[PDB]
Every structure is written in structure tokens, then in C-alpha cells.
Amino acid sequence: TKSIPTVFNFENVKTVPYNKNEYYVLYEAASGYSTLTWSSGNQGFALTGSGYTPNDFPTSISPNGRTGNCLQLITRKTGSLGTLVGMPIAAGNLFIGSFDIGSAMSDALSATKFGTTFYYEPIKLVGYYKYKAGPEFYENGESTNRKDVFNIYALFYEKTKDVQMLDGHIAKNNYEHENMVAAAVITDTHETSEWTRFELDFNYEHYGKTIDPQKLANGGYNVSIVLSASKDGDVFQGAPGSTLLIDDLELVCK
Ligand code: NA
């Protein structure tokens, strides 16, 4: 049993081809730890057009980070086909888990699967952000000056035989689920061009669960971190151009 890293730097990417496009998959490797390979909706975005390079995608990295490179989440307008299949935008996102491309077009919420095996009890998610909403908010068949907001949260839950992963419905249901143990959700979400610290405490008291120390050691608990430039971009309410930069993210554990 090796733990994933708990400190995330956003330095590293590999380039992956799909549908005549290429995009980045971010990963974090540390000595004595299992490499975390982040997921995002980038493969879903690859379906909506051709000739995209990594920096056209909703999820990429920037060299203008606080320490070195940083996460760059930019909500994107989709290519011709996206609209016609009801995918007018694609939120700049990053999460722990996986992206099911079989669901990207029919059920966006199901496509983003959240979780990886975690042996610790997390207490807080700390990191730094910058955020600027895009100028036109897409909602319904309309483009408005509604001010887009971003989301940051983390999940800690108990696995069961028929519940191995959660998905995007968790953020549409007040973070409620029968397997849920703790959740950390950002509340202050203001725009800024200055690196701004966040510190989200995990709330175990809201769910009233009892941790099994054995099952925790046996790998029966998953954690996830989910980041998005557009809070409601999962249901295609968001602004193209909405940019969330994240750097020096750490899952502080017990
Ligand atoms: Na960094």
C-alpha cells in the first residue's frame, strides 16, 4: 500500500492524442509514493473538434505560477459539434478519479468520476488561486453578463461493493450521499489577479459517520479533489474565458 502524494505542484504534463487533437494529462510523482495521474474533461473536449493543441484545452498548465508552473483552468466554447449535442461549453476542470468518454456526450455529470484509494483522514485542503470570470455567461440559449463563479471542493468517502466511485451529481446534491464521510467546500469565490490562499476544513460532523481503522488501512476509503473554473459548467452554465489558476495545493491529513 503506497499513498498518492498529498502536495500538488502542477509542474508535470504528458501529451495525449485523441480525435486528431493533442492535450495534457497532469501528474504528480514523489519518491516513495504512487504517482497521481489527474483527470479532467479534456478527452470530452477532444470530441467537439479537430486541430486543438494542448493550450486550446479547458485544462492545461501555465508557466506563470506562484512557485513554477501552475494549473490553468479555462472554460471553453466547444467546436461546431458540441452545441448540436447539447455541449455548448466545457468547464476548465481537474479532479482525482477518471473520465468516462462513453458518457461525455450523453451524461456529463456521470462522465466525471471522483475518487482514488486513500489511507489517511484528510482535515484540510489548502492552496492558492487567481480567478477572472469570462465576459459572456452561457445559460440556456442566451449569452449574458452574469458573473461566473468557480468551484473548489474535496470528498472523503467509504467504499461499498456497489459504490466504488462517486461522480458529478455530488455537487448538485448539496454534497450528500450515503457513502459520504467528509467534505470540504469553498465559500469565498471572489475574482482576483493576486495569488489568494484558501483553507477548507473537512466537515466530518455533518455526515455523522464512524471511521473503520481496519477498512481505512485495507484501502476501503476514497478521496477526491475537484477544481472547476465554472461552478455550473457541469450543466453548461458558464462563461467561456473564465480562468481559474491554482498552485501549491496540499491535502493536509491527520
Ligand atoms: Na507549481
# chains A, B, ... in the order shown; residues from 1 in each chain; ligands from 1
>>> select_by_dssp(residues="range 119-157 of chain A", states="strand (DSSP E or B)", output="JSON, numbers by chain")
{"A": [122, 123, 124, 125, 126, 127, 128, 129, 130, 131, 132, 137, 138, 139, 142, 143, 144, 151, 152, 153, 154, 155, 156, 157]}
>>> write_last_selection(atoms="N, CA, C and O atoms", output="compact mmCIF listing (two decimals), in the first residue's frame")
# COMPACT_ATOMS: atom_id res chain seq x y z
N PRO A 122 -8.16 13.09 5.82
CA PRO A 122 -7.82 14.48 5.50
C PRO A 122 -8.54 15.46 6.39
O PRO A 122 -9.69 15.22 6.76
N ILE A 123 -7.89 16.56 6.75
CA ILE A 123 -8.53 17.58 7.57
C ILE A 123 -8.71 18.89 6.83
O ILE A 123 -9.71 19.56 7.02
N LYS A 124 -7.76 19.27 5.98
CA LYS A 124 -7.96 20.49 5.19
C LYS A 124 -7.29 20.48 3.83
O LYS A 124 -6.29 19.77 3.59
N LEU A 125 -7.90 21.24 2.92
CA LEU A 125 -7.39 21.44 1.58
C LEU A 125 -6.91 22.87 1.49
O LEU A 125 -7.71 23.81 1.63
N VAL A 126 -5.61 23.06 1.29
CA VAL A 126 -5.05 24.39 1.22
C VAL A 126 -4.39 24.56 -0.14
O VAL A 126 -3.90 23.60 -0.71
N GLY A 127 -4.40 25.79 -0.65
CA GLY A 127 -3.77 26.13 -1.91
C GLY A 127 -3.93 27.61 -2.20
O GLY A 127 -4.38 28.36 -1.34
N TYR A 128 -3.56 28.01 -3.41
CA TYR A 128 -3.64 29.41 -3.83
C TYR A 128 -4.35 29.48 -5.17
O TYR A 128 -4.19 28.59 -5.99
N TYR A 129 -5.14 30.54 -5.38
CA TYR A 129 -5.84 30.74 -6.65
C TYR A 129 -5.78 32.19 -7.18
O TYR A 129 -5.46 33.14 -6.45
N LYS A 130 -6.08 32.32 -8.47
CA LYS A 130 -6.46 33.57 -9.11
C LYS A 130 -7.69 33.23 -9.95
O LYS A 130 -7.80 32.11 -10.46
N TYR A 131 -8.62 34.17 -10.08
CA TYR A 131 -9.85 33.93 -10.84
C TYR A 131 -10.33 35.19 -11.51
O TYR A 131 -10.33 36.27 -10.91
N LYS A 132 -10.73 35.03 -12.75
CA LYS A 132 -11.33 36.08 -13.55
C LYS A 132 -12.48 35.41 -14.33
O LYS A 132 -12.26 34.46 -15.07
N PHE A 137 -21.64 34.96 -20.14
CA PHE A 137 -22.09 33.76 -19.45
C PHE A 137 -23.11 33.01 -20.32
O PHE A 137 -24.13 33.57 -20.70
N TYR A 138 -22.82 31.75 -20.65
CA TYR A 138 -23.75 30.92 -21.42
C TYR A 138 -24.74 30.24 -20.49
O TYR A 138 -24.35 29.49 -19.60
N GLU A 139 -26.01 30.53 -20.68
CA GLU A 139 -27.08 29.92 -19.90
C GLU A 139 -28.31 29.83 -20.80
O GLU A 139 -28.74 30.84 -21.38
N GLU A 142 -28.80 31.60 -24.33
CA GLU A 142 -28.52 33.02 -24.17
C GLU A 142 -27.10 33.30 -23.66
O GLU A 142 -26.50 32.49 -22.96
N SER A 143 -26.61 34.48 -24.02
CA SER A 143 -25.31 34.98 -23.58
C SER A 143 -25.51 36.26 -22.77
O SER A 143 -25.94 37.27 -23.33
N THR A 144 -25.19 36.22 -21.48
CA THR A 144 -25.47 37.33 -20.54
C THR A 144 -24.23 37.86 -19.82
O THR A 144 -23.16 37.29 -19.92
N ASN A 151 -15.56 26.66 -8.67
CA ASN A 151 -15.76 25.78 -7.52
C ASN A 151 -14.47 25.07 -7.16
O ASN A 151 -13.66 24.75 -8.01
N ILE A 152 -14.27 24.86 -5.86
CA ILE A 152 -13.21 24.02 -5.33
C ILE A 152 -13.83 23.22 -4.19
O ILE A 152 -14.48 23.80 -3.30
N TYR A 153 -13.65 21.91 -4.23
CA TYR A 153 -14.04 21.05 -3.11
C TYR A 153 -13.27 19.72 -3.09
O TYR A 153 -12.54 19.37 -4.04
N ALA A 154 -13.43 18.98 -2.00
CA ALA A 154 -12.80 17.69 -1.84
C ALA A 154 -13.75 16.76 -1.12
O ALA A 154 -14.55 17.20 -0.29
N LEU A 155 -13.65 15.47 -1.44
CA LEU A 155 -14.54 14.46 -0.91
C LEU A 155 -13.72 13.38 -0.21
O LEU A 155 -12.59 13.08 -0.61
N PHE A 156 -14.29 12.82 0.86
CA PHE A 156 -13.74 11.65 1.53
C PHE A 156 -14.90 10.72 1.82
O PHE A 156 -15.85 11.11 2.51
N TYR A 157 -14.86 9.51 1.28
CA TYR A 157 -15.98 8.60 1.46
C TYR A 157 -15.59 7.14 1.63
O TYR A 157 -14.47 6.73 1.34
>>> residues_around(residues="residue 219 in chain A", least_positions_apart="4", cutoff="7 Å", atoms="only C-alpha atoms", output="mmCIF file with C-alpha atoms, in the first residue's frame")
data_model
loop_
_atom_site.group_PDB
_atom_site.id
_atom_site.type_symbol
_atom_site.label_atom_id
_atom_site.label_comp_id
_atom_site.auth_asym_id
_atom_site.auth_seq_id
_atom_site.Cartn_x
_atom_site.Cartn_y
_atom_site.Cartn_z
ATOM 1 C CA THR A 117 -7.861 4.991 -2.706
ATOM 2 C CA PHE A 118 -6.630 6.974 0.299
ATOM 3 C CA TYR A 119 -5.221 5.643 3.624
ATOM 4 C CA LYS A 215 -11.039 -0.725 6.463
#
>>> residues_near_ligand(ligand="ligand 1", cutoff="8 Å", atoms="only C-alpha atoms and all ligand atoms", output="ChimeraX atom specification")
/A:8-11,65-71,247-248
>>> write_last_selection(atoms="N, CA and C atoms", output="compact mmCIF listing (two decimals), in the first residue's frame")
# COMPACT_ATOMS: atom_id res chain seq x y z
N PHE A 8 0.60 19.03 -4.26
CA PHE A 8 0.38 19.07 -5.71
C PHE A 8 0.94 20.38 -6.27
N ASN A 9 1.85 20.23 -7.24
CA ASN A 9 2.63 21.34 -7.77
C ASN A 9 2.23 21.76 -9.18
N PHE A 10 1.55 20.89 -9.92
CA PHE A 10 1.12 21.19 -11.29
C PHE A 10 2.29 21.50 -12.24
N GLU A 11 3.43 20.83 -12.04
CA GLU A 11 4.64 21.06 -12.85
C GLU A 11 4.69 20.21 -14.10
N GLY A 65 3.10 30.50 -12.64
CA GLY A 65 2.64 30.01 -11.36
C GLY A 65 3.29 30.77 -10.23
N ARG A 66 2.90 30.44 -9.00
CA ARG A 66 3.44 31.10 -7.82
C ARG A 66 4.85 30.64 -7.52
N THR A 67 5.12 29.35 -7.73
CA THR A 67 6.45 28.78 -7.49
C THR A 67 7.17 28.43 -8.82
N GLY A 68 6.47 27.71 -9.70
CA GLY A 68 6.95 27.40 -11.07
C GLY A 68 5.79 27.46 -12.06
N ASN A 69 5.42 26.33 -12.66
CA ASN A 69 4.18 26.23 -13.44
C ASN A 69 2.99 26.10 -12.50
N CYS A 70 1.80 26.43 -13.00
CA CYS A 70 0.55 26.26 -12.23
C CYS A 70 -0.55 25.63 -13.06
N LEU A 71 -1.61 25.19 -12.40
CA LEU A 71 -2.82 24.77 -13.09
C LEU A 71 -3.50 25.97 -13.79
N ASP A 247 -2.32 26.88 -7.66
CA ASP A 247 -0.95 26.47 -7.41
C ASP A 247 -0.76 26.00 -5.96
N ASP A 248 0.31 25.25 -5.74
CA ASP A 248 0.72 24.78 -4.41
C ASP A 248 -0.46 24.30 -3.57
>>> atom_distance(atom1="CA of residue 105 in chain A", atom2="CA of residue 52 in chain A")
18.4 Å
>>> closest_residue(among="A:36, A:109, A:253, A:180", to="residue 232 in chain A", atoms="only C-alpha atoms")
A:109
>>> atom_distance(atom1="CA of residue 181 in chain A", atom2="CA of residue 41 in chain A")
25.7 Å
>>> atom_distance(atom1="CA of residue 27 in chain A", atom2="CA of residue 13 in chain A")
6.2 Å
>>> select_by_dssp(residues="range 42-253 of chain A", states="alpha helix (DSSP H)", output="compact mmCIF listing (two decimals) with C-alpha atoms, in the first residue's frame")
# COMPACT_ATOMS: atom_id res chain seq x y z
CA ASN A 42 -10.10 17.16 -21.85
CA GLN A 43 -10.91 13.93 -23.72
CA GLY A 44 -14.55 15.07 -23.86
CA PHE A 45 -13.42 18.36 -25.41
CA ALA A 46 -11.39 16.37 -27.97
CA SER A 80 -19.32 23.14 -34.01
CA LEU A 81 -20.45 19.70 -32.91
CA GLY A 82 -20.56 20.47 -29.17
CA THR A 83 -23.60 22.78 -29.41
CA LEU A 84 -25.56 20.36 -31.57
CA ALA A 108 -21.64 14.91 -18.46
CA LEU A 109 -22.29 14.52 -14.71
CA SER A 110 -21.76 10.72 -14.94
CA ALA A 111 -18.61 11.12 -17.07
CA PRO A 213 -9.42 1.99 11.17
CA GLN A 214 -9.08 -1.50 9.65
CA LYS A 215 -11.04 -0.72 6.46
CA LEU A 216 -9.10 2.58 6.14
CA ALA A 217 -5.83 0.59 6.14
>>> closest_residue(among="A:90, A:25, A:249, A:7", to="residue 236 in chain A", atoms="only C-alpha atoms")
A:90
>>> decode(residues="range 13-49 of chain A", atoms="N, CA and C atoms", output="mmCIF file, in the first residue's frame")
data_model
loop_
_atom_site.group_PDB
_atom_site.id
_atom_site.type_symbol
_atom_site.label_atom_id
_atom_site.label_comp_id
_atom_site.auth_asym_id
_atom_site.auth_seq_id
_atom_site.Cartn_x
_atom_site.Cartn_y
_atom_site.Cartn_z
ATOM 1 N N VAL A 13 3.346 17.491 -17.095
ATOM 2 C CA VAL A 13 2.316 17.060 -18.026
ATOM 3 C C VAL A 13 2.898 16.059 -19.001
ATOM 4 N N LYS A 14 2.026 15.196 -19.514
ATOM 5 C CA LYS A 14 2.310 14.400 -20.696
ATOM 6 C C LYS A 14 1.272 14.751 -21.752
ATOM 7 N N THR A 15 1.634 14.586 -23.024
ATOM 8 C CA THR A 15 0.767 14.949 -24.147
ATOM 9 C C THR A 15 0.139 13.696 -24.742
ATOM 10 N N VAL A 16 -1.178 13.753 -24.926
ATOM 11 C CA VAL A 16 -2.001 12.609 -25.300
ATOM 12 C C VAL A 16 -2.835 12.955 -26.533
ATOM 13 N N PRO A 17 -2.843 12.060 -27.552
ATOM 14 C CA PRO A 17 -3.632 12.295 -28.764
ATOM 15 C C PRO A 17 -5.055 11.772 -28.647
ATOM 16 N N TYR A 18 -6.000 12.458 -29.291
ATOM 17 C CA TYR A 18 -7.351 11.932 -29.484
ATOM 18 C C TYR A 18 -8.095 12.736 -30.539
ATOM 19 N N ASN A 19 -8.802 12.036 -31.424
ATOM 20 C CA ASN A 19 -9.642 12.652 -32.434
ATOM 21 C C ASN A 19 -8.917 13.771 -33.186
ATOM 22 N N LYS A 20 -7.667 13.497 -33.543
ATOM 23 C CA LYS A 20 -6.811 14.434 -34.277
ATOM 24 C C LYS A 20 -6.480 15.701 -33.466
ATOM 25 N N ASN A 21 -6.613 15.596 -32.145
ATOM 26 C CA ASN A 21 -6.191 16.626 -31.199
ATOM 27 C C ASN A 21 -5.119 16.056 -30.286
ATOM 28 N N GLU A 22 -4.415 16.951 -29.590
ATOM 29 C CA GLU A 22 -3.495 16.586 -28.518
ATOM 30 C C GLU A 22 -3.755 17.458 -27.283
ATOM 31 N N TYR A 23 -3.739 16.856 -26.091
ATOM 32 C CA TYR A 23 -3.969 17.593 -24.840
ATOM 33 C C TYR A 23 -3.055 17.122 -23.703
ATOM 34 N N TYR A 24 -3.037 17.859 -22.591
ATOM 35 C CA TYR A 24 -2.220 17.478 -21.421
ATOM 36 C C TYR A 24 -2.966 16.641 -20.371
ATOM 37 N N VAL A 25 -2.270 15.640 -19.829
ATOM 38 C CA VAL A 25 -2.685 14.950 -18.608
ATOM 39 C C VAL A 25 -1.643 15.323 -17.566
ATOM 40 N N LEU A 26 -2.087 15.895 -16.452
ATOM 41 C CA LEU A 26 -1.177 16.324 -15.403
ATOM 42 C C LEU A 26 -0.975 15.160 -14.445
ATOM 43 N N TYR A 27 0.247 15.027 -13.937
ATOM 44 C CA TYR A 27 0.547 14.027 -12.930
ATOM 45 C C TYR A 27 1.495 14.556 -11.849
ATOM 46 N N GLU A 28 1.491 13.890 -10.701
ATOM 47 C CA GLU A 28 2.375 14.226 -9.580
ATOM 48 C C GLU A 28 3.066 12.955 -9.088
ATOM 49 N N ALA A 29 4.394 12.931 -9.174
ATOM 50 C CA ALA A 29 5.205 11.796 -8.715
ATOM 51 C C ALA A 29 6.145 12.249 -7.606
ATOM 52 N N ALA A 30 6.215 11.475 -6.525
ATOM 53 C CA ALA A 30 7.204 11.704 -5.467
ATOM 54 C C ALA A 30 7.806 10.381 -5.010
ATOM 55 N N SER A 31 9.047 10.451 -4.525
ATOM 56 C CA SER A 31 9.793 9.262 -4.102
ATOM 57 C C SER A 31 9.090 8.587 -2.930
ATOM 58 N N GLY A 32 8.757 7.311 -3.108
ATOM 59 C CA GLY A 32 8.079 6.526 -2.081
ATOM 60 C C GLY A 32 6.576 6.690 -2.081
ATOM 61 N N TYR A 33 6.043 7.259 -3.165
ATOM 62 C CA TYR A 33 4.614 7.481 -3.330
ATOM 63 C C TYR A 33 4.176 6.933 -4.689
ATOM 64 N N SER A 34 2.913 6.532 -4.800
ATOM 65 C CA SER A 34 2.345 6.144 -6.092
ATOM 66 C C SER A 34 1.967 7.395 -6.874
ATOM 67 N N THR A 35 2.321 7.423 -8.150
ATOM 68 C CA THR A 35 2.080 8.597 -8.966
ATOM 69 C C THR A 35 0.585 8.858 -9.111
ATOM 70 N N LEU A 36 0.186 10.083 -8.781
ATOM 71 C CA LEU A 36 -1.152 10.576 -9.069
ATOM 72 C C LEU A 36 -1.204 11.064 -10.506
ATOM 73 N N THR A 37 -2.061 10.454 -11.311
ATOM 74 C CA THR A 37 -2.380 10.974 -12.630
ATOM 75 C C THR A 37 -3.758 11.631 -12.543
ATOM 76 N N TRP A 38 -3.783 12.963 -12.603
ATOM 77 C CA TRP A 38 -5.033 13.724 -12.601
ATOM 78 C C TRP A 38 -5.889 13.404 -13.832
ATOM 79 N N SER A 39 -7.194 13.576 -13.678
ATOM 80 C CA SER A 39 -8.140 13.557 -14.768
ATOM 81 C C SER A 39 -8.782 14.951 -14.949
ATOM 82 N N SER A 40 -9.530 15.080 -16.039
ATOM 83 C CA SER A 40 -10.211 16.304 -16.422
ATOM 84 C C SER A 40 -11.161 15.928 -17.558
ATOM 85 N N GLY A 41 -11.912 16.896 -18.074
ATOM 86 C CA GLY A 41 -12.796 16.633 -19.194
ATOM 87 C C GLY A 41 -12.154 16.849 -20.553
ATOM 88 N N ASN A 42 -10.821 16.811 -20.623
ATOM 89 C CA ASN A 42 -10.098 17.162 -21.854
ATOM 90 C C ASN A 42 -10.416 16.209 -22.994
ATOM 91 N N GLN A 43 -10.568 14.918 -22.694
ATOM 92 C CA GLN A 43 -10.912 13.932 -23.724
ATOM 93 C C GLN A 43 -12.317 14.210 -24.283
ATOM 94 N N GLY A 44 -13.218 14.685 -23.427
ATOM 95 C CA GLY A 44 -14.550 15.074 -23.864
ATOM 96 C C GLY A 44 -14.498 16.245 -24.836
ATOM 97 N N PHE A 45 -13.591 17.178 -24.569
ATOM 98 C CA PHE A 45 -13.422 18.357 -25.408
ATOM 99 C C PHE A 45 -12.834 17.962 -26.774
ATOM 100 N N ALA A 46 -11.961 16.959 -26.756
ATOM 101 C CA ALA A 46 -11.395 16.374 -27.972
ATOM 102 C C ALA A 46 -12.444 15.858 -28.991
ATOM 103 N N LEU A 47 -13.625 15.462 -28.513
ATOM 104 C CA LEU A 47 -14.722 15.024 -29.405
ATOM 105 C C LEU A 47 -15.390 16.154 -30.193
ATOM 106 N N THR A 48 -15.326 17.390 -29.682
ATOM 107 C CA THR A 48 -16.095 18.516 -30.228
ATOM 108 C C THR A 48 -15.425 19.204 -31.411
ATOM 109 N N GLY A 49 -14.172 18.859 -31.696
ATOM 110 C CA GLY A 49 -13.461 19.462 -32.812
ATOM 111 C C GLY A 49 -12.142 18.781 -33.118
#
